[PDB]
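J.:
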Ligand code: FES
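Residue numbers (our numbering): 5 to 102.
#1: Could you have a look at residue 24 and say whether DSSP puts it in helix, strand or coil?
#2: Is the separation between the beta-carbon of residue 30 and that of residue 55 shorter than 8 angstroms?
#3: Looking at C-alpha atoms only, which residue of 52, 5, 38 is the closest neighbour of residue 96?
#4: Within 7 angstroms: the Cβ of residue 79 and any heavy atom of the ligand FES?
#5: Which residue marks the beginning of the alpha helix (DSSP H) containing residue 31, and which one marks its end?
#6: Please state whether the Cβ-Cβ distance between residue 22 and residue 5 is less than 8 angstroms.
#7: With burial defined as no fewer than 16 other Cβ atoms inside 10 Å of the residue's Cβ, what is the status of residue 86: buried or exposed?
#8: Whole-angstrom Cβ separation of residue 78 and residue 58, contact assumed at under 8 angstroms?
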């Protein structure tokens, strides 16, 4: 199945919805759609690609960096997050990552 993922970031002037397969990570999907999101490790051990899930469910079980509390507030490491429903995500949340 494919899901619609809305990406938001005012500063970067981004507010677009993309359609991606459920086996595609949020970051890869954005990249193939011309949306350049930050990343470093691409392996789940850094804060570079962090986003915040505003609405919807995702799977980021391969992540390592974030803790339960962070995850609970909706933060997700986009390089290892797959959509489980249509969702809305704010990008570039690294500075806000407490
Ligand atoms: S780029 Fe490092 S965790 Fe995603």
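Note that beta-carbon positions come from the ideal geometry of N, C-alpha and C, so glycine has one too.
T.: So, from the listed chains and residues:
#1: Here residue 24 refers to the residue found at position 20 of the chain shown. Three-state DSSP puts residue 24 in a strand.
#2: Position 26 of the chain shown, counted from the first residue, corresponds to residue 30. Position 51 of the chain shown, counted from the first residue, corresponds to residue 55. Yes; because the gap between Cβ atoms is below 8 angstroms, this pair is in contact.
#3: For the purposes of this step, residue 96 is identified with residue 92 of the chain shown, where counting begins at 1. Comparing Cα-Cα distances from residue 96 to each of 52, 5, 38, the minimum goes to 52.
#4: Numbered from 1 along the chain shown, position 75 holds the residue referred to as residue 79. Answer for residue 79: no, Cβ out of range of the ligand FES.
#5: Residue numbering aside, residue 31 sits at position 27 when the chain shown is read from its first letter. Where residue 31 is concerned, the enclosing alpha helix (DSSP H) stretches over 30-36.
#6: Locating residue 22 in the chain shown gives position 18, where the first residue counts as 1. Locating residue 5 in the chain shown gives position 1, where the first residue counts as 1. No, they are not a contact pair.
#7: Here residue 86 corresponds to residue number 82 of the chain shown, with the count starting at 1. Counting Cβ neighbours within 10 Å, residue 86 comes out buried, since at least 16 surround it.
#8: As a first step, residue 78 must be located in the chain shown, where it is residue number 74. As a first step, residue 58 must be located in the chain shown, where it is residue number 54. So it is a contact: roughly 7 angstroms between Cβ atoms.
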